[PDB]
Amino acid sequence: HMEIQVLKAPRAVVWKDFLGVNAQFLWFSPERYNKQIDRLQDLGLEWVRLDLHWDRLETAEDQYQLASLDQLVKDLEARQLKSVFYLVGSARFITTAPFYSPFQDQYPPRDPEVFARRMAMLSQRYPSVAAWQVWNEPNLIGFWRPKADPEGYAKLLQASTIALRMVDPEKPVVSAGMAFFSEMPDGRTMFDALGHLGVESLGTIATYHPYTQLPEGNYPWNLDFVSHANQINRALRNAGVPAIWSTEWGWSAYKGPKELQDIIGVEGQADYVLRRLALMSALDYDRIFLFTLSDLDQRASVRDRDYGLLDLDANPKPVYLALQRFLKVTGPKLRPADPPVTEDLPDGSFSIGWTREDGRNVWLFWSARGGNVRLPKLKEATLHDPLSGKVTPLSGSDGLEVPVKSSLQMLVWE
């Protein structure tokens, strides 16, 4: 038996355009988040995604707390960043929460038009913002209590879209990032239910947050990330969405105790992020956003503290250094191509081909069982290991011997 997953991207990828990061800048002093941005810019990236919680911005009806946000928006433009902001949660005066609920903000608003007016206010206040995103993970109980409500979310999205387009009719409106592949507890998907409600007529950008245990799936015997992503992306294109983003994905380096995600540490984080990036950049996404730019302090849950590219001091973690090496090897723009001819590529291999700007080919590959592969048509190539930083010239009189790892390697060849 021999199963190999080959991917070829549907279009060229320009990293500056394609790969953004989530960030939590308001958790930090301006000095600290400007250093985070220094690091982001050093990767050649510019897109950021930022969360806004309504209950934190409007702490009582028409009592706002905007000084920090005002300054951040000025700072983002001064650093030439392109930003997408999402607004989520109900302010206390508008929530559908029962009086004695402990999670007041996790209920949707009583009146969608009130929420919509706030998104319009924010957009009008901050014209530099590139896109506005409406709520977050409404298929997940923790963001929309007491039960997922496609009809309710559609009305909220409709009302927000109309209001945002009144402020600026040309600016993109992004629907909420759906948790995972948009599955709801009742066994339907939010994307499907919204399709029945005619939501595609709104023309909003569709997005979801396909976290999985491993880079290619949830179990070693069921690596079906690619299959799921292709299926949902095809369905979205068929419904005529203007674009598909993935606004969250990634892994935490936390040490435990285990909560949903297996413990993999800083080296596992580097490994998994790189493999998933190789996959997603070759799938039908227009833009994706890694979670997240920086580690967070103890205001975050134990797991959520360690998703960063950067540690708390805004210094590179292993995943940053690995991603940096990766992007240096690819260069800033990749065009779709085929992998080289192989002999005895190991079962379970992933295999992705690109061409860079200087015309050299780039092959991305790995397999859970490791091993070795022969490339009969090549006499010279250069092998890159972005996790270790090792660079290895390969040569042969009539073909190359290439070691295969469980982690991503990059072969540059012509």
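Residues carry their position along the shown sequence, with the first being 1.
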property: Given 143-151 and 220-228, the range whose Cα B-factors average higher in the PDB entry; result: 143-151
property: Comparing 133-141 with 197-205, the one whose average Cα B-factor in the PDB entry is higher; result: 197-205
property: Out of 166, 296, 174, 278, highest CA B-factor residue; result: 166
property: Options 70, 31, 51, 38 - largest CA temperature factor per the record; result: 31
property: Third of chain Cα B-factors occupied by residue 351; result: lowest
property: For residue 19, the third of its chain into which the C-alpha B factor falls; result: lowest
property: Relative C-alpha B-factor of residue 259, binned into the chain's lowest, middle or highest third; result: highest
property: Where the record places residue 340 (Cα B-factor, split into thirds across the chain); result: middle
property: Chain-wide C-alpha B factor ranking for residue 332, given as lowest, middle or highest third; result: lowest
